[PDB]
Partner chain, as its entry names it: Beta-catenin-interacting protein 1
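Quick setup: one chain, the form solved without the partner chain, written in structure tokens, and binding and motion questions come after.
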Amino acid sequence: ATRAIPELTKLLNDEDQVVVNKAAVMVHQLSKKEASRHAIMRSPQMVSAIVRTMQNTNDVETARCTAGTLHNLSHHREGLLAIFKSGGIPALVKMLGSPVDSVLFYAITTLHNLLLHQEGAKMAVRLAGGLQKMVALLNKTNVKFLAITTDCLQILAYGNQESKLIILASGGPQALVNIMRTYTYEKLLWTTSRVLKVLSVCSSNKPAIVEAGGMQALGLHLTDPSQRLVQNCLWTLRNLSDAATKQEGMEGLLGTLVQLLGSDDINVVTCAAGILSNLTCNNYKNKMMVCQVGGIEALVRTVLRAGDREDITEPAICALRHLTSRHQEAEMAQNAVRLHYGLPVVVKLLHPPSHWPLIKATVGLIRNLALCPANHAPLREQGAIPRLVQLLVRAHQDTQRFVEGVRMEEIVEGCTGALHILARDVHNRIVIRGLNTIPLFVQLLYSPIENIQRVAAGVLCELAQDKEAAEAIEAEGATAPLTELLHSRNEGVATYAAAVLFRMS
């Protein structure tokens, strides 16, 4: 082994322009034999001459035979340490701009092997400007090469907000989204989705990914037989979904997310419910398409199937809340929840062991369902009013004296808001009045939150249309605060306060 070796090493070590071409091909033949290859290592001047000549040469093969070696030393744990000591990482990064496809494949594979097994390689690649060189290579068309490059990006970007921002400034988001819409190679698509997943938690990369059409691109692979690709797409879709409210062309994605609600895998259902909940927030167009593809019917079945798991019911109720208000077919959606046996389970979610986030969403859903007169009776028979009164009284006591991410003022306003809509029915008014709620409604007029005064005065206005209730509202001393509420900056508070005062006289 170390026979010719020390002699062979000296033949490239002398170097120069005529010898390097023959010394590069010969060290490549020596790298092809494992014996010598082991000897090629352990010689610092040899490995350091392979990398040095690689960045200086300009011939036709230039880096091929030299990088051909370091491709083979990269297979050895000792060779990975050798390339690390030789300073090949900055030079291999320099070859990420080389024109030859051979060196590009050999350089990206050597850095890849270094990034997986060589300690301190991630930091050295960053210092050499490798991140920018790798993002610029995303315009290639060889999927095997693109899979190796994106994996390096995921290795470097994971747990490194610095690297995520550098990828952003290099046009990473748009380049990675293009790979999603162009190729079908599962290994490349899965790895590219892993990079986009790591980028989607960054507040700066999330809008840029959304603007690049990432939501539509990720939706193309939601029907792929590879569960790891669909699950990674769904995780990335849920991260970006809060910033995708202005996106169009979502008809195909929204239809597939509805189908995924029937899946047996909880992570698929949990994500699809969360994405639909975010995409339907303040988007009447998305509310319409989701309703047209049977989204109400699918979300009720999902809430029924879920039961106790709040990771599914909380987003599914939130989506059901969005779909039942403020769009053209909202009235049909409020009827649809009833027709699909949804009213019993919705009122059930108001009771323990439900937590405050799910209870908050469920109250907002009941407020929207109560807008449909055909829901006034069944919501009463299911016991919605007595539970909503108990939630309102308890949340108001906590206010006078953030529980799981929910301020109790939101429960006060939501419960009083739902009761305001339910009070339109005359039988609900008897139930609401029989619970001695007027003394609390009058007290709610003094609340500092204007939105609480609005629903408090509105529900008092609905009750005051009966003489017995109007007389009771007067006996509660409600004339005094309603007089001050006539000067409210909120237009709704002033109009409701005038309606109760007129009915009292």
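Between two forms, the rigid core is defined as the largest C-alpha subset superposing within 1.5 Å. Numbering follows the first chain given and starts at 1.
Below, we refer to the form solved in complex with the partner chain, which is not included among the displayed structures.
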| property | result |
| --- | --- |
| Heavy atom within 4.5 Å of the partner chain in the deposited complex - the one residue of 380, 133, 396, 420 that qualifies | 420 |
| In the deposited complex, the one of 216, 375, 278, 302 near the partner chain [non-hydrogen atom within 4.5 angstroms] | 278 |
| In the deposited complex, residue 221 touching the partner chain (heavy atom, 4.5 Å) | no |
| Contact test in the deposited complex: residue 488 vs the partner chain, heavy atoms, 4.5 Å | no |
| Non-hydrogen atom contact residue 430 with the partner chain in the deposited complex at 4.5 angstroms | no |
| Touches the partner chain in the deposited complex: residue 55 (any heavy atom, 4.5 Å) | no |
| Candidate stretches 170 to 178, 255 to 263, 388 to 396, 282 to 290, one within 4.5 Å of the partner chain in the deposited complex by heavy atom | 282 to 290 |
| Residues in 294 to 332 close to the partner chain in the deposited complex, defined by a heavy atom within 4.5 Å, in order | 321, 322, 325, 326 |
| Core-superposed comparison between the shown form and the other one, residue 352 Cα displacement 2 Å or beyond | no |
| Is_shifted residue 225 between the shown form and the other one (CA, 2 Å cut-off, rigid core) | no |
